[PDB]
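What follows is one structure encoded as C-alpha coordinates, with my remarks underneath.
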Amino acid sequence: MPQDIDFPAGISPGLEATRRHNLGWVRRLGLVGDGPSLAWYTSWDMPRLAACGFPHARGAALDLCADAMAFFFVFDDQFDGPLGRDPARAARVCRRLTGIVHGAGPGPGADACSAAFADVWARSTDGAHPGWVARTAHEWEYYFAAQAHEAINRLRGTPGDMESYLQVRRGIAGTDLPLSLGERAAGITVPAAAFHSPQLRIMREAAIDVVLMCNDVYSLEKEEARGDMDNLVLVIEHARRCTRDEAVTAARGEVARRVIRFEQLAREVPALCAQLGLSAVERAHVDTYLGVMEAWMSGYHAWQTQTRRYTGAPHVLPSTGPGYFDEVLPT
Ligand SMILES: CC[N+](CC)(CC)Cc1ccccc1
Ligand SMILES: [Mg+2]
Ligand SMILES: [Mg+2]
Ligand SMILES: [Mg+2]
(Lines of atoms letter the chains of each structure in order from A and count residues from 1; the text may use other names and numbers.)
(Lines give C-alpha, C1' and ligand atoms only; values in the text may rest on other atoms or scores of the structure.)
(Ligands and ions follow the chains in the order given, each with its own letter.)
Protein backbone atom coordinates (compact mmCIF):
# COMPACT_ATOMS: atom_id res chain seq x y z
CA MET A 1 0.00 0.00 0.00
CA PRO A 2 1.31 3.48 -0.88
CA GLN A 3 0.65 4.82 2.64
CA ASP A 4 3.17 2.23 3.88
CA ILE A 5 6.02 3.20 1.50
CA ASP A 6 8.54 6.02 1.93
CA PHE A 7 11.61 6.72 -0.17
CA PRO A 8 10.93 19.60 1.90
CA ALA A 9 13.54 22.15 3.00
CA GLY A 10 10.81 24.74 2.40
CA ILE A 11 7.44 25.55 0.87
CA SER A 12 6.85 28.61 -1.29
CA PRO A 13 5.04 31.39 0.64
CA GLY A 14 2.94 32.11 -2.44
CA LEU A 15 0.80 28.96 -2.14
CA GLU A 16 -2.45 30.66 -1.19
CA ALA A 17 -2.13 33.51 -3.70
CA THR A 18 -1.31 31.01 -6.44
CA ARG A 19 -4.31 28.86 -5.52
CA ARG A 20 -6.53 31.86 -6.28
CA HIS A 21 -4.74 32.74 -9.53
CA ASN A 22 -4.67 29.18 -10.84
CA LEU A 23 -8.35 28.51 -10.09
CA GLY A 24 -9.27 31.51 -12.23
CA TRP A 25 -6.80 30.49 -14.93
CA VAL A 26 -7.96 26.90 -15.52
CA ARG A 27 -11.57 28.08 -15.71
CA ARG A 28 -10.78 31.08 -17.94
CA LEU A 29 -8.77 28.93 -20.35
CA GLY A 30 -11.48 26.26 -20.57
CA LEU A 31 -9.10 23.62 -19.21
CA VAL A 32 -11.36 22.79 -16.24
CA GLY A 33 -15.14 23.14 -16.26
CA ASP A 34 -17.67 23.19 -13.42
CA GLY A 35 -18.97 20.46 -11.14
CA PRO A 36 -17.28 17.04 -11.06
CA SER A 37 -14.28 18.20 -13.12
CA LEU A 38 -13.69 21.22 -10.86
CA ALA A 39 -14.07 19.29 -7.60
CA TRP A 40 -11.80 16.57 -9.03
CA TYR A 41 -9.22 19.12 -10.19
CA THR A 42 -9.37 20.90 -6.82
CA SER A 43 -8.77 17.60 -5.02
CA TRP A 44 -5.40 17.25 -6.77
CA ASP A 45 -4.13 20.46 -5.11
CA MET A 46 -1.99 21.70 -7.98
CA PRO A 47 -1.01 24.82 -5.93
CA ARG A 48 0.53 22.70 -3.17
CA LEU A 49 2.41 20.68 -5.81
CA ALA A 50 3.77 23.96 -7.20
CA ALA A 51 4.64 25.35 -3.76
CA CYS A 52 6.32 22.15 -2.52
CA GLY A 53 7.99 21.20 -5.80
CA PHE A 54 9.18 24.73 -6.60
CA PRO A 55 9.77 26.42 -3.22
CA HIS A 56 12.12 29.01 -4.77
CA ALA A 57 9.30 30.38 -6.92
CA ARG A 58 7.67 33.61 -5.75
CA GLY A 59 4.68 35.58 -6.95
CA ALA A 60 3.96 35.30 -10.67
CA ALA A 61 6.69 32.67 -10.99
CA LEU A 62 4.74 30.33 -8.72
CA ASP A 63 1.57 31.08 -10.71
CA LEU A 64 3.40 29.84 -13.81
CA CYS A 65 4.48 26.66 -12.01
CA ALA A 66 0.92 25.82 -10.98
CA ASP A 67 -0.50 26.62 -14.43
CA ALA A 68 2.17 24.44 -16.06
CA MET A 69 1.33 21.59 -13.68
CA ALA A 70 -2.38 22.10 -14.42
CA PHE A 71 -1.66 21.71 -18.13
CA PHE A 72 0.45 18.57 -17.59
CA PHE A 73 -2.16 16.84 -15.44
CA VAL A 74 -5.27 17.75 -17.45
CA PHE A 75 -3.56 16.93 -20.76
CA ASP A 76 -2.21 13.65 -19.35
CA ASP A 77 -5.65 12.41 -18.37
CA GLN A 78 -7.11 13.00 -21.86
CA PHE A 79 -5.19 9.88 -22.96
CA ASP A 80 -6.93 7.68 -20.31
CA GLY A 81 -9.58 6.68 -22.81
CA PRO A 82 -9.83 5.80 -26.50
CA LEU A 83 -7.05 8.26 -27.39
CA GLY A 84 -4.51 6.17 -25.42
CA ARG A 85 -5.35 3.13 -27.55
CA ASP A 86 -5.01 4.94 -30.91
CA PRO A 87 -1.31 5.69 -31.50
CA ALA A 88 -1.78 7.36 -34.89
CA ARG A 89 -4.45 9.69 -33.48
CA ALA A 90 -2.32 10.41 -30.41
CA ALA A 91 0.66 11.23 -32.65
CA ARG A 92 -1.45 13.66 -34.69
CA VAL A 93 -2.86 15.41 -31.63
CA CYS A 94 0.61 15.74 -30.17
CA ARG A 95 1.99 17.09 -33.47
CA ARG A 96 -0.56 19.91 -33.07
CA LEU A 97 0.85 20.76 -29.65
CA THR A 98 4.44 20.44 -30.90
CA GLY A 99 3.78 23.04 -33.59
CA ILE A 100 3.00 25.53 -30.82
CA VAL A 101 6.40 24.80 -29.26
CA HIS A 102 8.24 25.67 -32.45
CA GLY A 103 6.45 28.89 -33.27
CA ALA A 104 2.98 28.28 -34.71
CA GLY A 105 0.65 29.92 -32.19
CA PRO A 106 -2.81 28.33 -32.17
CA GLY A 107 -4.88 31.49 -32.80
CA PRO A 108 -8.19 32.57 -31.27
CA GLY A 109 -10.69 29.84 -30.51
CA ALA A 110 -8.15 27.06 -30.24
CA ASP A 111 -8.99 24.14 -27.98
CA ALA A 112 -8.35 24.54 -24.26
CA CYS A 113 -5.23 22.36 -24.19
CA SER A 114 -3.62 24.23 -27.10
CA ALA A 115 -4.52 27.61 -25.60
CA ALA A 116 -3.31 26.68 -22.11
CA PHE A 117 -0.05 25.31 -23.44
CA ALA A 118 0.53 28.36 -25.63
CA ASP A 119 0.04 30.63 -22.61
CA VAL A 120 2.37 28.59 -20.39
CA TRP A 121 5.01 28.46 -23.14
CA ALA A 122 4.82 32.19 -23.93
CA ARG A 123 5.15 33.04 -20.24
CA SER A 124 8.03 30.56 -19.88
CA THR A 125 10.12 31.97 -22.72
CA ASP A 126 9.48 35.67 -22.02
CA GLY A 127 12.88 37.04 -20.96
CA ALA A 128 14.53 33.60 -20.87
CA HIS A 129 18.10 32.98 -21.98
CA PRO A 130 18.13 31.63 -25.58
CA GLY A 131 20.04 28.54 -24.44
CA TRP A 132 17.22 27.72 -22.02
CA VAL A 133 14.60 28.26 -24.75
CA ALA A 134 16.33 25.95 -27.24
CA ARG A 135 16.83 23.16 -24.71
CA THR A 136 13.36 23.41 -23.18
CA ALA A 137 11.71 23.52 -26.62
CA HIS A 138 13.29 20.15 -27.36
CA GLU A 139 12.22 18.85 -23.93
CA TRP A 140 8.62 19.79 -24.81
CA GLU A 141 8.93 18.05 -28.16
CA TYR A 142 10.04 14.82 -26.46
CA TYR A 143 7.15 15.03 -23.97
CA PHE A 144 4.50 15.44 -26.68
CA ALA A 145 6.05 12.90 -29.04
CA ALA A 146 6.34 10.15 -26.42
CA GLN A 147 2.61 9.86 -25.67
CA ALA A 148 1.87 7.78 -28.79
CA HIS A 149 4.55 5.25 -27.81
CA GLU A 150 2.85 4.70 -24.48
CA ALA A 151 -0.27 3.94 -26.53
CA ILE A 152 1.68 1.48 -28.69
CA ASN A 153 2.81 -0.30 -25.53
CA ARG A 154 -0.75 -0.43 -24.19
CA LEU A 155 -1.84 -2.24 -27.34
CA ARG A 156 1.08 -4.64 -27.00
CA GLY A 157 0.02 -5.47 -23.45
CA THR A 158 3.47 -6.30 -22.10
CA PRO A 159 5.90 -3.98 -20.31
CA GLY A 160 9.06 -3.08 -22.14
CA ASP A 161 12.55 -3.94 -21.02
CA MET A 162 14.23 -1.44 -18.69
CA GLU A 163 15.92 0.50 -21.50
CA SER A 164 12.72 0.89 -23.52
CA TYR A 165 10.69 1.69 -20.40
CA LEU A 166 13.10 4.52 -19.58
CA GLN A 167 12.97 5.90 -23.13
CA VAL A 168 9.16 6.06 -23.13
CA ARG A 169 8.56 6.86 -19.44
CA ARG A 170 11.12 9.68 -19.25
CA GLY A 171 9.35 11.32 -22.19
CA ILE A 172 5.75 10.92 -21.04
CA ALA A 173 6.71 12.01 -17.49
CA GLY A 174 7.69 15.41 -18.86
CA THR A 175 11.41 14.61 -19.23
CA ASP A 176 13.53 17.41 -17.68
CA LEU A 177 10.75 20.00 -18.00
CA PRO A 178 10.08 20.22 -14.23
CA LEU A 179 13.72 21.20 -13.66
CA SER A 180 13.75 23.64 -16.57
CA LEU A 181 10.59 25.16 -15.07
CA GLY A 182 12.11 25.33 -11.59
CA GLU A 183 15.24 27.00 -12.96
CA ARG A 184 13.12 29.57 -14.80
CA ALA A 185 10.82 30.16 -11.82
CA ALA A 186 13.81 30.69 -9.51
CA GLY A 187 15.07 33.35 -11.93
CA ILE A 188 18.46 31.67 -12.37
CA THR A 189 20.43 30.65 -15.44
CA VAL A 190 22.68 27.62 -14.97
CA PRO A 191 26.03 28.40 -16.66
CA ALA A 192 26.46 25.96 -19.53
CA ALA A 193 29.94 24.97 -18.30
CA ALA A 194 28.36 23.73 -15.06
CA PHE A 195 25.13 22.40 -16.62
CA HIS A 196 27.05 19.99 -18.86
CA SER A 197 29.52 18.79 -16.25
CA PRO A 198 29.27 15.00 -15.84
CA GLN A 199 28.21 15.56 -12.22
CA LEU A 200 25.31 17.89 -12.98
CA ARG A 201 24.21 15.91 -16.05
CA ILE A 202 24.03 12.72 -13.98
CA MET A 203 22.32 14.58 -11.13
CA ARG A 204 19.66 16.09 -13.43
CA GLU A 205 18.90 12.65 -14.89
CA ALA A 206 18.82 11.08 -11.42
CA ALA A 207 16.43 13.70 -10.02
CA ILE A 208 13.95 13.28 -12.88
CA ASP A 209 14.10 9.48 -12.56
CA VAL A 210 13.61 9.62 -8.79
CA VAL A 211 10.37 11.61 -9.10
CA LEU A 212 8.84 9.59 -11.93
CA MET A 213 9.68 6.34 -10.12
CA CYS A 214 8.13 7.63 -6.89
CA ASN A 215 5.07 8.45 -8.99
CA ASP A 216 5.08 4.97 -10.57
CA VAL A 217 4.81 3.37 -7.12
CA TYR A 218 2.04 5.68 -5.87
CA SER A 219 0.01 5.77 -9.12
CA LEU A 220 0.18 2.05 -9.91
CA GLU A 221 -3.37 1.30 -8.73
CA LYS A 222 -5.07 3.70 -11.12
CA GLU A 223 -2.73 2.83 -14.01
CA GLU A 224 -2.64 -0.97 -13.81
CA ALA A 225 -6.39 -1.38 -14.26
CA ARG A 226 -6.28 0.77 -17.43
CA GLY A 227 -3.75 -1.47 -19.17
CA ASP A 228 -0.86 0.97 -18.75
CA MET A 229 2.53 -0.68 -19.28
CA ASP A 230 5.14 2.04 -18.65
CA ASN A 231 5.33 1.73 -14.87
CA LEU A 232 8.58 0.64 -13.18
CA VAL A 233 6.82 -1.84 -10.87
CA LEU A 234 5.23 -3.63 -13.83
CA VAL A 235 8.54 -3.54 -15.73
CA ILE A 236 10.46 -5.15 -12.87
CA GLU A 237 7.76 -7.76 -12.23
CA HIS A 238 7.71 -8.74 -15.91
CA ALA A 239 11.52 -8.86 -16.33
CA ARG A 240 12.32 -10.67 -13.08
CA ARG A 241 9.34 -13.03 -12.73
CA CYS A 242 8.93 -11.90 -9.11
CA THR A 243 6.01 -11.12 -6.81
CA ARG A 244 4.37 -7.70 -6.66
CA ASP A 245 5.91 -7.01 -3.25
CA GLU A 246 9.35 -8.04 -4.54
CA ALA A 247 8.89 -5.69 -7.50
CA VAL A 248 7.87 -2.79 -5.23
CA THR A 249 10.91 -3.45 -3.03
CA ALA A 250 13.12 -3.41 -6.12
CA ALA A 251 11.48 -0.17 -7.28
CA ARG A 252 12.28 1.43 -3.92
CA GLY A 253 15.87 0.31 -4.47
CA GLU A 254 16.01 1.94 -7.91
CA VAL A 255 14.95 5.21 -6.25
CA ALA A 256 17.37 4.85 -3.32
CA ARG A 257 20.44 4.16 -5.44
CA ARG A 258 19.68 7.23 -7.55
CA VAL A 259 19.28 9.46 -4.48
CA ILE A 260 22.62 8.16 -3.20
CA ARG A 261 24.29 8.87 -6.54
CA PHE A 262 22.78 12.35 -6.63
CA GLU A 263 23.93 13.24 -3.11
CA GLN A 264 27.44 11.83 -3.68
CA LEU A 265 27.83 13.96 -6.80
CA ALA A 266 26.33 17.05 -5.14
CA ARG A 267 29.28 17.02 -2.73
CA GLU A 268 31.59 17.64 -5.71
CA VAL A 269 29.73 20.72 -6.99
CA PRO A 270 31.60 23.41 -5.00
CA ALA A 271 34.95 22.03 -6.24
CA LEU A 272 33.65 21.73 -9.80
CA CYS A 273 32.65 25.40 -9.81
CA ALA A 274 36.12 26.33 -8.57
CA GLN A 275 37.84 24.22 -11.24
CA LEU A 276 35.77 26.00 -13.89
CA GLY A 277 36.58 29.42 -12.44
CA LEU A 278 32.91 30.38 -12.22
CA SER A 279 32.11 33.81 -10.83
CA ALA A 280 30.50 34.15 -7.41
CA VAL A 281 27.14 34.94 -9.05
CA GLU A 282 27.48 31.90 -11.32
CA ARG A 283 28.26 29.77 -8.24
CA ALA A 284 25.17 31.17 -6.51
CA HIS A 285 23.03 30.16 -9.49
CA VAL A 286 24.54 26.66 -9.45
CA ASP A 287 23.81 26.40 -5.72
CA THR A 288 20.19 27.41 -6.34
CA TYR A 289 20.00 24.84 -9.15
CA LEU A 290 21.10 22.16 -6.69
CA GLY A 291 18.29 23.28 -4.38
CA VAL A 292 15.83 23.24 -7.28
CA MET A 293 16.67 19.61 -8.05
CA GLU A 294 16.56 18.66 -4.36
CA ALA A 295 13.18 20.32 -3.92
CA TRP A 296 11.63 18.64 -6.97
CA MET A 297 12.51 15.27 -5.42
CA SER A 298 11.39 16.03 -1.87
CA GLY A 299 8.52 18.35 -2.83
CA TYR A 300 6.88 16.04 -5.34
CA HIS A 301 6.77 13.29 -2.73
CA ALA A 302 5.44 15.64 -0.02
CA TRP A 303 2.63 16.56 -2.42
CA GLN A 304 1.77 13.03 -3.56
CA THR A 305 1.27 11.81 0.03
CA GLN A 306 -1.46 14.41 0.68
CA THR A 307 -3.17 14.77 -2.72
CA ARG A 308 -6.44 13.00 -3.50
CA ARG A 309 -5.44 12.21 -7.10
CA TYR A 310 -4.12 8.66 -6.58
CA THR A 311 -6.33 7.40 -3.75
CA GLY A 312 -9.36 9.01 -5.39
CA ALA A 313 -9.02 8.12 -9.07
CA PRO A 314 -10.01 4.40 -8.84
CA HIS A 315 -13.27 5.36 -7.09
CA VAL A 316 -14.38 8.49 -8.98
CA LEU A 317 -13.12 7.44 -12.45
CA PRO A 318 -13.14 3.62 -12.47
CA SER A 319 -11.26 1.76 -15.19
CA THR A 320 -14.55 0.67 -16.77
CA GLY A 321 -14.91 4.20 -18.15
CA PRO A 322 -12.61 7.03 -19.27
CA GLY A 323 -10.32 8.81 -16.84
CA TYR A 324 -11.94 12.23 -17.21
CA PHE A 325 -15.40 13.74 -16.78
CA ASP A 326 -15.05 16.11 -19.76
CA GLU A 327 -13.32 15.89 -23.12
CA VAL A 328 -11.20 19.02 -23.61
CA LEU A 329 -8.77 17.75 -26.26
CA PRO A 330 -10.19 17.37 -29.80
CA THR A 331 -8.74 14.39 -31.64
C1 LIG B 1 4.98 16.25 -14.56
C2 LIG B 1 3.48 16.03 -14.35
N3 LIG B 1 2.93 14.70 -14.69
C4 LIG B 1 3.62 14.10 -15.84
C5 LIG B 1 3.43 14.80 -17.20
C6 LIG B 1 1.53 14.94 -15.03
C7 LIG B 1 0.70 13.66 -15.15
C8 LIG B 1 2.94 13.78 -13.52
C9 LIG B 1 4.35 13.39 -13.02
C10 LIG B 1 4.96 14.12 -11.99
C11 LIG B 1 6.23 13.78 -11.57
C12 LIG B 1 6.90 12.71 -12.15
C13 LIG B 1 6.30 11.97 -13.16
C14 LIG B 1 5.02 12.30 -13.57
MG1 LIG C 1 0.98 9.88 -18.25
MG1 LIG D 1 -1.18 9.67 -15.90
MG1 LIG E 1 1.85 7.72 -12.82
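By Swiss-Prot numbering, chain A shows 1-7, 12-335, in order.
Each residue, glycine too, has its Cβ placed from N, Cα and C.
If one looks beyond the motif 'DDXXD motif' (80-84) by at least 6 residues along the same chain, the residues whose Cβ comes under 8 Å of a Cβ in the stretch are 94, 117, 151, 154-155, 230, 321, 326-328, 331-333. Sequence annotations record features per position, and here Swiss-Prot assigns motif 'DDXXD motif' to 80-84.
Under the heading Mg(2+) 1 binding site, Swiss-Prot lists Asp80, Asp84. Annotation for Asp80 (Mg(2+) 1 binding site): no same-chain Cβ neighbours under 8 Å separated by at least 6 residues are found. Taken residue by residue with DSSP, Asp80 (Mg(2+) 1 binding site) is part of a helix.
The Mg(2+) 2 binding site annotation in Swiss-Prot covers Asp80, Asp84.
Under the three-state DSSP scheme, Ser223 (Mg(2+) 3 binding site) falls in the coil class. Applying an 8 A CB threshold to same-chain residues 6+ apart, the list for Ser223 (Mg(2+) 3 binding site) reads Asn235, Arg313, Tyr314. According to Swiss-Prot, the feature Mg(2+) 3 binding site maps to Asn219, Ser223, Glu227.
Checking the binding-site residues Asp84, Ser223, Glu227 against ligand 1, not one has its Cβ under 6 Å from it. Cβ neighbour count for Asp84 (Mg(2+) 1 binding site): 19 (other Cβ atoms within 10 Å of its Cβ, all protein chains included). With respect to their backbone Cα atoms, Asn219 (Mg(2+) 3 binding site) and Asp84 (Mg(2+) 1 binding site) stand 17 Å from each other. Candidate binding-site residues: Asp80, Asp84, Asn219, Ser223, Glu227. Those with a Cβ under 6 Å from ligand 2, in sequence order, are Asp80. The Cβ centroid of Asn219, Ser223, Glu227 marks the Mg(2+) 3 site; residues of that chain outside this set whose Cβ lies within 8 Å of it are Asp220, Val221, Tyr222, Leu224, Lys226, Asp232, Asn235, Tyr314, given in sequence order. Rounded to the nearest whole angstrom, the C-alpha distance between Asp84 (Mg(2+) 1 binding site) and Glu227 (Mg(2+) 3 binding site) is 9.
Of all the Cβ atoms in the protein chains shown, 19 others lie within 10 Å of the Cβ of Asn219 (Mg(2+) 3 binding site).
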